[PDB]
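Numbered from 1 within each chain, the chains take letters A, B, ... in sequence-line order.
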Number of protein chains: 2
Amino acid sequence: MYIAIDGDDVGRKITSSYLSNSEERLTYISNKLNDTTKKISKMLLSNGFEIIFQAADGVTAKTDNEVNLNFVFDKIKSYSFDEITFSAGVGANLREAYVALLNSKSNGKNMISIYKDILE
Amino acid sequence: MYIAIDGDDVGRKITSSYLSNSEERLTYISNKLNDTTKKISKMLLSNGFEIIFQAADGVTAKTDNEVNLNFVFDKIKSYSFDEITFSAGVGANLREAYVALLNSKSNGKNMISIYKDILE
Ligand SMILES: Nc1ncnc2c1ncn2[C@@H]1O[C@H](COP(=O)(O)NP(=O)(O)OP(=O)(O)O)[C@@H](O)[C@H]1O
Ligand SMILES: Nc1ncnc2c1ncn2[C@@H]1O[C@H](COP(=O)(O)NP(=O)(O)OP(=O)(O)O)[C@@H](O)[C@H]1O
Ligand SMILES: [Mg+2]
Ligand SMILES: [Mg+2]
């Protein structure tokens, strides 16, 4: 199973910081993204996932083991901070997790989609 | 002086890797971005810059010292790899470096713009 996780509307708070000349707020959000994907990457490892990347505001991973996915996403939901949520997609391969990720980014965000469910 | 540096068309090679189920190529480009912004952040420190963020595929920094900017950008240009260039903007504040950055992303990419020059 592949899972892609990625920050919602992250650009808006970064751009807001440039335009208001707020470098400290810009630096805080950059390291906060850095640290939250770190939290996400570690929760995933503890549940038998192999991280593919944990960089920028995203994390992609895969698990040849079994996994409670309402648990996993309920904890991704819980690293939200200051109006920045995370969306997730899941599929049987990287491409499918990607599409399902677009689906979430495309349907309210702060949500998870599963590729097999979209097709049906 | 503020400088914002950011990777061109980085999403296209990442997305290409999802859609072709090429996780190894996806992981390589993620760490390669990680490592190139590292190279950029270090060259800037050696020339008297203070890094504001070095994350994702970008680096923003400022220098209360003086700086040869054709040198600096000529070396940013030289960390290009596999058809991924970097654009830069410069200004007297964060907002201005941002606009000048959009200008470069907006005018061929693999290029630098200076905010004061745009206004004139
Ligand atoms: N850790 C980070 N440090 C600095 N900039 C980041 C970081 N993570 C993401 N970004 C920036 O945030 C943006 C991520 O690109 P996205 O295209 O993913 N857009 P975003 O608004 O963040 O949300 P979605 O549309 O995906 O829901 C780019 O501008 C990245 O350079
Ligand atoms: N180090 C990284 N690791 C993983 N994904 C990254 C990294 N740096 C950037 N990205 C992704 O690349 C994109 C950066 O957002 P951008 O909105 O900056 N778009 P890009 O096509 O990269 O070029 P420009 O339009 O800015 O010229 C987002 O999808 C990021 O999540
Ligand atoms: Mg995002
Ligand atoms: Mg970019």
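- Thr85(A) and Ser80(A) are not linked by any side-chain donor-acceptor pair at a separation below 3.5 angstrom, with hydrogens and angles left out of the test.
- Only the side chain of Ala4(B) comes within contact range of chain A, with heavy atoms under 4.5 Å apart.
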- When you look at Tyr28(B) and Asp82(B), which way does the side chain to side chain contact (heavy atoms under 4.5 Å, CB included) test go after all the steps? CA-CA 12 Å; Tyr28(B) 159 86; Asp82(B) 69 28; 3.4 Å; yes

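- In terms of heavy-atom pairs under 4.5 angstrom with chain B, the leader among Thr27(A), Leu33(A), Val99(A) is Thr27(A).
- Salt-bridge formation is not detected for the pair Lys32(A)/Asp35(A): no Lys NZ or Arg NE/NH1/NH2 atom is positioned less than 4.0 Å from an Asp or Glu carboxylate oxygen.
- For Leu26(B), the part sitting under 4.5 Å from any heavy atom of chain A is the side chain, from C-beta outward, and nothing else.
- No side-chain heavy atom of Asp9(B) sits less than 4.5 Å from a side-chain heavy atom of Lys13(B).
- The only member of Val90(B), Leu44(B), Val72(B) that meets side chain to side chain contact (heavy atoms under 4.5 Å, CB included) when paired with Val67(B) is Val72(B).
- Residues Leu94(B) and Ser22(A) fail the side-chain proximity criterion, which asks for heavy atoms closer than 4.5 Å.
- When heavy atoms are compared at a cutoff of 4.5 Å, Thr37(B) does not approach chain A at all.
- Looking only at heavy-atom pairs under 4.5 Å with chain B, the residue among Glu96(A), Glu23(A), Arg95(A) that has the most is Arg95(A).
- Within the 4.5 angstrom heavy-atom criterion, atoms from both the backbone and the side chain of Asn93(B) approach chain A.
- Ranking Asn31(B), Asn34(B), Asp57(B), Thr15(B) against chain A, the residue ahead of the rest is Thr15(B), based on heavy-atom pairs under 4.5 Å.
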